[PDB]
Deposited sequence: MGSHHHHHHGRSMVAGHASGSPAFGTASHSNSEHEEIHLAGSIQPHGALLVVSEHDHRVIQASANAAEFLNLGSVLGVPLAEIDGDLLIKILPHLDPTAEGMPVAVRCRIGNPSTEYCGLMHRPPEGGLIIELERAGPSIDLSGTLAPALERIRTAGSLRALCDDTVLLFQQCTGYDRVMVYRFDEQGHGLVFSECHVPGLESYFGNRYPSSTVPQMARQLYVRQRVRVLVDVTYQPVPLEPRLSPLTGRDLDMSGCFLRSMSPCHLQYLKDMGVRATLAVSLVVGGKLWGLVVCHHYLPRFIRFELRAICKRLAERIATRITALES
């Protein structure tokens, strides 16, 4: 840090090596079911005395009993989310599990909330999507639906053209904010490797733009000797160049949902808040569902 000067002292976004602090991340080796990497906050987040090197079986609570049914790997059910209790004092979490191509089993834990009961909201949302008669109507209904379901201060459909340039194609926002409707932005604002990642990982939640990243410990995977592939991690810390851009805009929190059409990133539903904001698993899942439905309608509309 300060003690190293002289000449030698002078981005792959999926290899962040760190998470956002609203969750905890465990990496488990499946030969022994022991934690081989964890976010540095994990023991305090989960109210455990220790975490790194611990067998899942010995972790206070029921995480192991809750994940066992999903571990047999042929069952091609992952990624999957489980609800469990961990820690002393005990807390309910939702645990999102997936396997990176190498490096073990990742378990990302957020504090659990209640059941969200939006099925009566969702029936008519689905009818508006399925009957929209043009892309203009579809995307205008999309921003309204998402704003209603998520409550973010601004919701946009950010559409990509053939050269990758961004267009704010639809927008809705709370009274008195600035409108970005119809603004165009260069393709460089969403780099190609981000777009590929957003084809894999269809929802991103940035809770607080100002957060301090929480590093994984150890940083390198003990299984691979490389950084952990965090492409599938919903807690992944986001590129600092992006976080600066958001700070420059005065945005505090974001939710983005991919629109994938014919296997390409067609656009994004992009939501901004002016205070920190988190949407829990059950709501993210509904967002994902809506985005699949929208992409189906876009495919039909385009011919």
**Chain regions without C-alpha coordinates, deposited sequence numbering** = 1-10, 21-34
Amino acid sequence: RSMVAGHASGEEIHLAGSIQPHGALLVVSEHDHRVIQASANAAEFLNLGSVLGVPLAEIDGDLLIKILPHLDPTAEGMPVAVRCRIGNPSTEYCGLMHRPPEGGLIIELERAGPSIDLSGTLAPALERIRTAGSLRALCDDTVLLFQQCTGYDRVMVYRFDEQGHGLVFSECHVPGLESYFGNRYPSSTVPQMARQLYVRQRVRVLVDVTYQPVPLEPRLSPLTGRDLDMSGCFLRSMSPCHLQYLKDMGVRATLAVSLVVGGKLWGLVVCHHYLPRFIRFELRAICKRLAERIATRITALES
From here on, numbers count along this sequence of modelled residues.
**Prompt:** Between 55-63 and 33-41, which has the higher average C-alpha B-factor in the PDB entry?
**Reply:** 55-63
**Stretch exceeding the other in mean C-alpha B-factor - 106-114, 77-85** = 77-85
**Prompt:** Looking at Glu171, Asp229, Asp153, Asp161, which has the highest CA B-factor as recorded?
**Reply:** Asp161
**Prompt:** For the listed residues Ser221, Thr142, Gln201, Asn183, which one has the largest C-alpha B-factor as given in the deposited model?
**Reply:** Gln201
**Asked** By the record's CA B-factor, is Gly17 among the lowest, middle or highest third of residues in the chain?
**Response** middle
**Prompt:** Can you tell me which third, lowest, middle or highest, the CA B-factor of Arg136 falls into for its chain?
**Reply:** middle
**Request:** Using the B-factors in the PDB entry, rank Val190's C-alpha atom against the chain and give the third, lowest, middle or highest.
**Result:** middle
**Prompt:** Split the chain's modelled residues into thirds by Cα B-factor; is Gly95 in the lowest, middle or highest one?
**Reply:** lowest
**Complete:** The third of the chain into which the C-alpha temperature factor of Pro276 falls is the lowest
